[PDB]
C-alpha cells in the first residue's frame, strides 16, 4: 500500500525500512544521532528528540571546544573554540537509487540556521584515475540559507578527477550540472511541507509538495550514500572560505535554541 506519490500504474516499489521512519521512537540502531563533526558546530545526541510522532533537531548556543579542520592552512587545530551545538540523524545503512521524501517544518529563527535533508558518501581519496568520482552528495533541500526566507536550494556536490587532479564541483562553481534554485510558494517555517527526490541511474528529479523543482542528469552520483536530516549554522554566524565554514565574530544567543521538526522520512526502491 505505501507506494510513493510518483508511482505510475504498473510499477511496484518497496519501502526501504532501514532508511525510513515515522518517528514514534528514537531508534539509535537505525540512526546515528551523533556522527563525525564538521562545519563550526558539534553534534549532540541530546539535541535530537522524538515526541508526539515527530523528530526535533535543535541548535543551541553552547560554548565548547574540539579539534577543527582548518582547510586554509591544511591543518587540524586542537582545542578550537566553537559556539553552537546542533542535531543530526544519519542513516547507518546506505544506498543510491530510489525515491526519498521527508515532511519537514523549518526552524523559526531566520537568518542563522539551515534545516537540510541530504545524502552523502565516504570520500575515497585513493581513486586517482581520470573520471574517478571520490565523493557523491545529493541535497534534497537546504532551507533558509539564502538572503530571502522563501528561497530554497536543491543541489549536488561531488569530487571527480579532472586533468589528473581531484576537483570539487559545487552549485556555485558548476550551476548547469549541480544547482537548482527555487522560489517557494510558502514560508517553510510556518507549516510542514514535503521535500523529495527521485534518483535513477540516468536522472535526478526534485519535488516540493509534489511539484517538480529541480532536474539533472546523474553524472557523478552513484556511490553508496547515508541519508541524513540535520540543522546547520549559517550567516551571520559563519564565514565561507577554502571550501568550508569558519566561525564569525557574531556569537549571539538571540534566536536560540531553535528547532526543525520532521514528521517522517520515507525511502522506496522500484522493482
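Residue numbers count along the first chain shown, from 1.
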*For the higher mean C-alpha B factor in the entry, choose 135 to 143 or 173 to 181.*
173 to 181
*Where do the C-alpha atoms have the higher mean temperature factor in this entry, in 70 to 78 or in 124 to 132?*
124 to 132
*Compare the CA B factors listed in the entry for 154, 105, 157, 165 and report the winner.*
165
*With respect to C-alpha B-factor, does residue 112 fall in the lowest, middle or highest third of the chain as deposited?*
middle
*Among the chain's modelled residues, which third holds the C-alpha B-factor of residue 220?*
highest
*Select lowest, middle or highest to describe the third in which the CA B-factor of residue 27 falls within its chain in this entry.*
lowest
*Comparing against every modelled residue in the chain, figure out the third that the C-alpha B-factor of residue 258 lands in (lowest, middle or highest).*
middle
*Classify residue 34 as lowest, middle or highest third according to the C-alpha B-factor given in the PDB entry, relative to its own chain.*
lowest
